[PDB]
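Read through the structure below, which is laid out as structure tokens, and then see the notes.
Chains as they are written, first to last, in PDB author numbering: chain B, 343 to 584; chain A, 19 to 615.
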């Protein structure tokens, strides 16, 4: 929900690490235009989580959302950015006709359509290289069969479905050998007392009766044990009470 | 560094402001057609000159080393639409004079003022005025004024203005390694790089001649049917042996024969098929007429449209304070978007153009992720040939029953479809030899084999042996009959209307062979068939990445331009015009003249 963004070859690295993800206001409300992705379903992201999450901010056409796919070739998918075969993220697009556009042409952020070679996945290429396709060199200018790359946007909110400003935020997920740091929301239930019920806590699982405790405790603890090494205490994960 | 690895990187800093400098002249021309103010015309000029200089700034810096090192087929087919230098190969006094002669040629065509020389005290406006007085005036002296005087006050100074315009037009194309400007319209038809499917520009001269030989039995029976029905209207003006006069064809020149339908009715006891009387009872508005017409696009198998089409484009004229020009043009404004500006009324001709102008949207929708040089037609006439397949399928009485339009018990005999097919004969077949004799006139005055005195004498000698009309007065070498139209004065291509009627018929003859329709092809409707879109989806997405020779292989399978879909579409029209022409004269002759008294 930013007010600015970046180019598709000048991708910033929003390093989401050591966070708590809240998808009850973003995924469940869904104020975006389309909500469709592959690999991992968005309903599995609340019950499964990953090591490092990386994000970006880039606005493209509505015709280039078919190019954002794992294993895709074509116009954008080999020359501006590339999605790998192990892509476990999701791609969300939203029409930004009232925010990201500009009257009298949008001449500020640039994008490409071709390249010298096939780039690597998540490659930040900001080069202004000189091309030479034939047998005579170009000395820095374009020519017959000599071309150059670097031109900006054409956004305006008065037209149809093809090249409206669509803000695409690719939330790339990555599971490594390191333990997880950023995970999604998980619903809670009510708490009943003075009854033989089961326990499903944040770090406890068992069956017992919840009564009022009269002992002292440390707030950085999860549970406590008695003199016979049995679990006789539980801290609430929401409130500071045992 | 390797020669084989380097394919194509032109589309970075060319193909992103080829739209964007045209974008700033796109809405500025669109606001010129909706909000005609004093400052909404100035933004067309300074932004359109930036895009006009963009095609000449990169052309001067593309003059280094030649073409023959390329290997890929995708490189060469987009290279032909950029290496045309245009006007930038002439001098400073010759190239900029072409820009000034094109602005004075479109001004007097739109703002012309010509009226009666007998009583010039009341002098009227041309374009809403003279377009509608041709239909209702049943007089010989009244129709003589609207054809002769219009080329006598507007077209009198174009004859010393078109002679040096042709001479400068030869210099800009002979330096572009072509033989003439005559193959500049045939430069889009040039196919090279594929073995077995090579279509040169010299092959197109015999191909229009090959498809014109078999239309001469079909056109001369329509030439003898309008003439035989004008005996009770004009008893002593039109000869039964000779040709028809050219000042009574219904329009300003005689391209369309649409106003000659009400006078040549075959049977007056049965009513015509009409949506206009049944529209005002159910109270339709502007939201209905595009939504059920877009239901025709879903039922073949093309996907839906989002909210950007309904809140941006309007269908109602924005008040009576501000003037809005509403000519039917589907706005192809760059890399796959369409805003529709149409002054819609309760009119059957407005209803068929709702399917026509949305048929140019569905061609550019499929290659919306393709480059802009491939975002075009397969030729110039390929864009409007795939647009009117939705209008001829919506004029079918089997389609009107499934929606809820006309009466559910309507009689359909053999004498019902003949009045519909002769309405299509003056829309499709009636403009077909008229497209031939003007494009052959364009291909005979550009090469320069003829002198200046045979410039206009060759024009009226072709019309008495190709289309079968004769002028009532003779013209000298100071007037111009073909140069008073919309396409020739604003420098547009006229080859695109001969291939409009040919590529449309090739697609509709095979579309319900997939949908399994038994009967004639004027009862063919392409709706309620999900497998009918899959034959089109490999054709709607090929644009100019594949040429027009390989584009016809997946529907009809003919690599050449043939006339055989045009014959069995009109199979009651070939049989029922034969028995009524037993005693009249078949064809025309070159001896009758109205001024040879």
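In this text, a Cβ means the ideal position worked out from N, Cα and C, and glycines have one as well.
So who's on the other strand from residue i, going by DSSP bridges?
i: residue 516 (chain B); result: B:394
i: residue 452 (chain B); result: B:494
i: residue 345 (chain B); result: None; residue 345 (chain B) has no bridge partner.
i: residue 262 (chain A); result: A:487
i: residue 458 (chain A); result: BP columns for residue 458 (chain A) are empty, so no partner.
i: residue 550 (chain B); result: B:539
i: residue 488 (chain B); result: B:485
i: residue 376 (chain B); result: B:435
i: residue 509 (chain B); result: B:401, B:436
i: residue 525 (chain B); result: B:362
i: residue 566 (chain B); result: B:575
Can the beta-carbon of residue i be found closer than 8 angstroms to that of residue j?
i: residue 184 (chain A); j: residue 464 (chain A); result: yes
i: residue 331 (chain A); j: residue 359 (chain A); result: yes
i: residue 120 (chain A); j: residue 133 (chain A); result: no
i: residue 436 (chain A); j: residue 235 (chain A); result: no
i: residue 62 (chain A); j: residue 46 (chain A); result: yes
i: residue 472 (chain B); j: residue 374 (chain B); result: no
i: residue 181 (chain A); j: residue 470 (chain A); result: yes
i: residue 383 (chain A); j: residue 337 (chain A); result: no
i: residue 576 (chain B); j: residue 546 (chain B); result: yes
i: residue 516 (chain A); j: residue 399 (chain A); result: yes
i: residue 485 (chain A); j: residue 538 (chain A); result: no
i: residue 449 (chain B); j: residue 399 (chain B); result: no
i: residue 487 (chain A); j: residue 278 (chain A); result: no
i: residue 208 (chain A); j: residue 215 (chain A); result: no
i: residue 83 (chain A); j: residue 476 (chain B); result: yes
i: residue 333 (chain A); j: residue 563 (chain A); result: no
i: residue 443 (chain A); j: residue 592 (chain A); result: no
i: residue 164 (chain A); j: residue 481 (chain A); result: no
i: residue 541 (chain A); j: residue 416 (chain A); result: yes
Assuming residue i is part of the alpha helix (DSSP H), what are its boundary residues?
i: residue 64 (chain A); result: 60-78
i: residue 361 (chain B); result: Careful: residue 361 (chain B) lies outside any alpha helix (DSSP H) and carries neither H nor E.
i: residue 94 (chain A); result: 91-97
i: residue 504 (chain A); result: 504-507
Taking the continuous beta strand (DSSP E) assigned at residue i, which residues delimit it?
i: residue 435 (chain B); result: 432-437
i: residue 574 (chain B); result: 573-576
i: residue 555 (chain A); result: Premise fails: residue 555 (chain A) lies in the alpha helix (DSSP H), 552-558, not in any beta strand (DSSP E).
i: residue 401 (chain B); result: 400-402
i: residue 540 (chain B); result: 538-542
i: residue 32 (chain A); result: Neither: residue 32 (chain A) is in no beta strand (DSSP E) and is coded neither H nor E.
Taking Cβ-Cβ distances shorter than 8 angstroms, what residues in chain A pair up with residue i?
i: residue 483 (chain B); result: 79
i: residue 405 (chain B); result: 353, 354, 386, 387
i: residue 498 (chain B); result: 41, 45
i: residue 466 (chain B); result: Ordered by position in chain A, no residue passes the 8 angstroms Cβ test against residue 466 (chain B), which lies about 17 angstroms from the chain.
i: residue 509 (chain B); result: Per Cβ cutoff of 8 angstroms: no residues; residue 509 (chain B) is ~15 angstroms from chain A at best.
Just the chain A side, please: which residues come within less than 7 angstroms of residue i by C-beta, in chain order?
i: residue 506 (chain B); result: 326
i: residue 469 (chain B); result: In chain order: nothing, as chain A lies at least about 11 angstroms away.
i: residue 447 (chain B); result: 38, 41, 42
Going by CA-CA distance only, name the one from the options that's closest to residue i.
i: residue 155 (chain A); options: A:103, A:102, A:203, A:251; result: A:251
i: residue 108 (chain A); options: A:80, A:191, A:393, A:215; result: A:191
i: residue 97 (chain A); options: A:105, A:106, A:86; result: A:86
i: residue 388 (chain B); options: B:540, B:426, B:481, B:529; result: B:529
i: residue 366 (chain B); options: B:571, B:526, B:476, B:542; result: B:526
i: residue 522 (chain B); options: B:364, B:385, B:348, B:395; result: B:395
i: residue 308 (chain A); options: A:173, A:329, A:290; result: A:329
i: residue 94 (chain A); options: A:32, A:28, A:497; result: A:28
i: residue 129 (chain A); options: A:168, A:347, A:364; result: A:168
i: residue 429 (chain B); options: B:379, B:555, B:460, B:583; result: B:379
i: residue 468 (chain B); options: B:454, B:533, B:480; result: B:454
i: residue 314 (chain A); options: A:346, A:545, A:204, A:230; result: A:545
For a contact meaning CB atoms closer than 7 angstroms, what does residue i contact in chain B?
i: residue 84 (chain A); result: 486
i: residue 557 (chain A); result: Ordered by position in chain B, no residue passes the 7 angstroms Cβ test against residue 557 (chain A), which lies about 19 angstroms from the chain.
i: residue 330 (chain A); result: 500, 501, 502
Run down chain B in chain order and give the residues with a C-beta less than 9 angstroms from the C-beta of residue i.
i: residue 26 (chain A); result: 456, 475, 489
i: residue 323 (chain A); result: 502, 503
Along chain A, in chain order, which residues have C-beta atoms closer than 9 angstroms to that of residue i?
i: residue 494 (chain B); result: 34, 35, 38
i: residue 453 (chain B); result: 30, 34
Can you pull the chain B residues whose beta carbon is under 8 angstroms from the beta carbon of residue i, in chain order?
i: residue 21 (chain A); result: 476, 477
i: residue 123 (chain A); result: Chain B residues near residue 123 (chain A): none, gap ~30 angstroms exceeds 8 angstroms.
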